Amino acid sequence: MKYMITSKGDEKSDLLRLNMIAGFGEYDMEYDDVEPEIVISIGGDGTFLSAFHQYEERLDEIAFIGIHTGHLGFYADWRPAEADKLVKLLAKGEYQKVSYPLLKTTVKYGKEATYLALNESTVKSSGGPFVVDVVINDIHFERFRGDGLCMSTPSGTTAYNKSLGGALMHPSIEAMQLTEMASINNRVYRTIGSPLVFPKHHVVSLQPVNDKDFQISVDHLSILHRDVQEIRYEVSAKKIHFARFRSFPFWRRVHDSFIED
């Protein structure tokens, strides 16, 4: 099948990628980084995140595989020592594909821009004070004052969302989760405090109150947007697909990453 391999770019990852390419040469596999059907990522979660965004226009035609060369890799299923067995199983095919939900961010100006997030999308102020009205399905829910907000996919819940006190959600749940960053709460200013978990087709809109300039992050990418009228969050209709060759359940992955391994 058509395939490509991204590398973190250190010596370990580059040589691992070269050896897999050499191994792939022994099968009906064509290296193609324009229209791959299989995208392998060799490095950390940052590397896997960059592989996702490199091919976010072809998510429907691609299955992803992560190899972690450090001690981490939540999106990784394979250690560097299993790489030969990965080549062989991937060549013979017959893998099972699993899909995780993604988050759609729409940014409107006074012009529209959409982004897709695998981990989360966050909003902070452009230096000044961050104040936004939070509107859920056209209902004014709260006026948020504080550092920012974080909207997470299910597989993102173990990332920034976790550090903000959010819940960890199994990725079979088509949802997104909103967490607060250092909200101000006194007798005049009130936010819900708790993380909020939204189903598909629910729309969370953030609307400016004074300043209209915000720093918006999508996974690792952070951009300053000016003249923002609205930031709109919904569960995407698009999904990321992983090639799975063995059982590595989400809650064991959580256990291995946070409890012990």
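Take the two forms, superpose them, and find the largest set of C-alpha atoms that agree within 1.5 Å; that set is the rigid core. All residue numbers refer to positions in the sequence shown, first residue = 1.
Peer 1: Once the rigid core is lined up, would you tell me whether 115-123 or 183-191 has the higher RMS CA deviation in 6 other deposited structures of this protein?
Peer 2: Greater root mean square C-alpha distance in 6 other deposited structures of this protein: 183-191.
Peer 1: Taking the root mean square of C-alpha distances over all structures and residues in 6 other deposited structures of this protein, with a rigid core superposition, name the larger of 248-256 and 14-22.
Peer 2: Greater root mean square C-alpha distance in 6 other deposited structures of this protein: 248-256.
Peer 1: What about residue 73, left without coordinates in a third or more of the other entries of this protein that model its neighbours?
Peer 2: No, residue 73 has coordinates in all the other entries compared.
Peer 1: Does residue 128, which is modelled here, drop out in at least a third of the other compared PDB entries?
Peer 2: In all of the other entries, residue 128 has coordinates.
Peer 1: Count, per the entry, the deposited residues between residue 110 and residue 111 that are not modelled, and return the matching class: none, 1 to 3, 4 to 9, or 10 or more.
Peer 2: Just 1 to 3 residues are missing between them.
Peer 1: What stretch has the higher average Cα B-factor here, 91-99 or 148-156?
Peer 2: Higher mean C-alpha B-factor: 91-99.
Peer 1: Which wins on mean Cα temperature factor, 21-29 or 233-241?
Peer 2: Stretch with the greater average CA B-factor: 21-29.
Peer 1: Sort 192, 49, 224, 218 by C-alpha B-factor from the entry and give me just the highest.
Peer 2: It is 224.
Peer 1: Report the option among 133, 120, 180, 82 whose CA atom has the maximum B-factor in the deposited record.
Peer 2: That would be 82, according to the entry.
Peer 1: Please rank the C-alpha B-factors of the chain's modelled residues and tell me whether residue 204 sits in the lowest, middle or highest third.
Peer 2: Ranked within chain, residue 204 CA B lands in the lowest tercile.
Peer 1: Based on the entry's values, in what third of the chain does the Cα temperature factor of residue 8 lie: lowest, middle or highest?
Peer 2: As the PDB entry reports it, the C-alpha B-factor of residue 8 lands in the middle third of its chain.
Peer 1: Could you say whether, by C-alpha temperature factor, residue 74 belongs to the lowest, middle or highest third of its chain?
Peer 2: Answer is lowest: the recorded C-alpha B-factor places it there.
Peer 1: Compared with the other modelled residues in the chain, in which third is the CA B-factor of residue 176?
Peer 2: For residue 176, whose C-alpha B-factor we compare with every modelled residue in the chain, the answer is the lowest third.
Peer 1: Should residue 188 be placed in the lowest, middle or highest third of its chain by the C-alpha B factor in the entry?
Peer 2: As the PDB entry reports it, the C-alpha B-factor of residue 188 lands in the highest third of its chain.
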